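Have a look below at one chain only, the form deposited in one PDB entry, in structure tokens format.
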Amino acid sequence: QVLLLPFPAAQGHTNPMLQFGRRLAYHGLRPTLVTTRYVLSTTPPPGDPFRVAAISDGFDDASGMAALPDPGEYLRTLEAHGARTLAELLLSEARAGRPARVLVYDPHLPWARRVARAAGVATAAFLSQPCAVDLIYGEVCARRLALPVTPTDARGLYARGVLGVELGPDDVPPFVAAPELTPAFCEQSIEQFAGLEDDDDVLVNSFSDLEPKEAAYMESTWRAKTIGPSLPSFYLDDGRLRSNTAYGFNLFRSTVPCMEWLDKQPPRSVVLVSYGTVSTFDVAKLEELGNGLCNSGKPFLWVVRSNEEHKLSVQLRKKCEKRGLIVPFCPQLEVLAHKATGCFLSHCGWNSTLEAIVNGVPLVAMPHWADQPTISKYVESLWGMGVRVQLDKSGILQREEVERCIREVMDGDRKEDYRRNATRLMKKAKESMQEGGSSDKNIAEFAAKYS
């Protein structure tokens, strides 16, 4: 009855959409996760309260995206077989007494919108990036803003009280500030907003107290309602869903344990390190990162993915045994909530950021692309909960800067500010998702409307 369509295999898009579905279920709606037959065949299903329903990207027996390395050429294949299979599913379900009351869809998949509207199924866009990045892409689609987006473009927005911070050249979203480096990602980011005004609902995974100017603008401009942070209820100290304590659809397996190692560590001492589930680091970059961690002297929990750890030398991996632990995946929210954890050296993907916020953990920001540079700027200025690594003239992260930023957040004069500010945002985040808060209300309205 409620269909959920995250960009398949995108952990950063699947996690919040599923958490949003859990809230819907709490309000009596029945959610269904819609993903590829491949992903469904390699990942155990979320479980109650979710049904599962499979579409196809063409490659039902093999990771479509390793087989089809070019970004542009994956999307076309997904769009082709997806749109076909999606429309099949709608009719099947309707002709089974289970029509779709609404399709909640990742707007990185604009063809979902088309297939649905053709069946007269209501649509709700699910934006899983911060308002501040969303509205910038938005202003480009609306041709209110001209490619390339510049710090001056951004300063106008700030002057008009739409952006709460002034974006510099390294803070504007790369995908539209330098579209040349990533032409496919550029149009995908802008396409999101084409046909959005024609959606029954627009939903953004954020909360208003976090981005008050940007969320005000997104609501008035695109009808976007904040429904986040869309994380398990437990971490929001929300007891309505007692058993909602972990994301239920991990696309990566946790081989090596870390929780018992974390127990042994002293309070507020561990650096969590992760650049997420999408980005890749080359050999030299892993070396600077790892040595920066060792030189910092702090204990650290370093997430180096299975499909990355081959780029990790034996020599460096042994050097990290003294004070660190290296794992392919960790229960990141559980880690962030742990007493031992002192800060989070993170690429600042939006879920990682919201997960740090909801646990009051200060950040060392090492962004690469997409929304991460903008998020990093917010972490550093307006939110004041951490610092961003400075890259040198060649764009290289050096081990000295890694150690410097860690010591700065953990031991510097401002260490209590970063913590205070993080705790400050933590309380507003929890408030917005608890019964009666601003995101909680938006979620209840949405559910009321389709029940």
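We call the rigid core the largest set of C-alpha positions that still match within 1.5 Å between the two forms. Only residues modelled in both forms are compared. Note that residue numbering follows the sequence shown and begins at 1.
Below, we turn to the form deposited in another entry, even though it does not appear here.
- Large C-alpha shift between this form and the one not shown, rigid core held fixed: of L312, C186, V165, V162, this applies to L312 alone, with a displacement of 2 Å or more.
- If you fit the rigid core between this form and the one not shown, you'll see the Cα of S208 move by less than 2 angstroms.
- Relative to the superposed rigid core, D282 undergoes a CA displacement of at least 2 Å between this form and the one not shown.
- In the other entry, the Cα-Cα separation between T277 and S394 shrinks by 3 Å or more relative to the displayed conformation.
- Compared with the form shown here, the C-alpha atoms of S279 and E79 sit at least 3 Å farther apart in the other entry.
- Once the rigid core is aligned, the segments that move between this form and the one not shown, defined as three or more consecutive common residues whose C-alpha shifts all reach 2 Å, run 275-282, 305-322.
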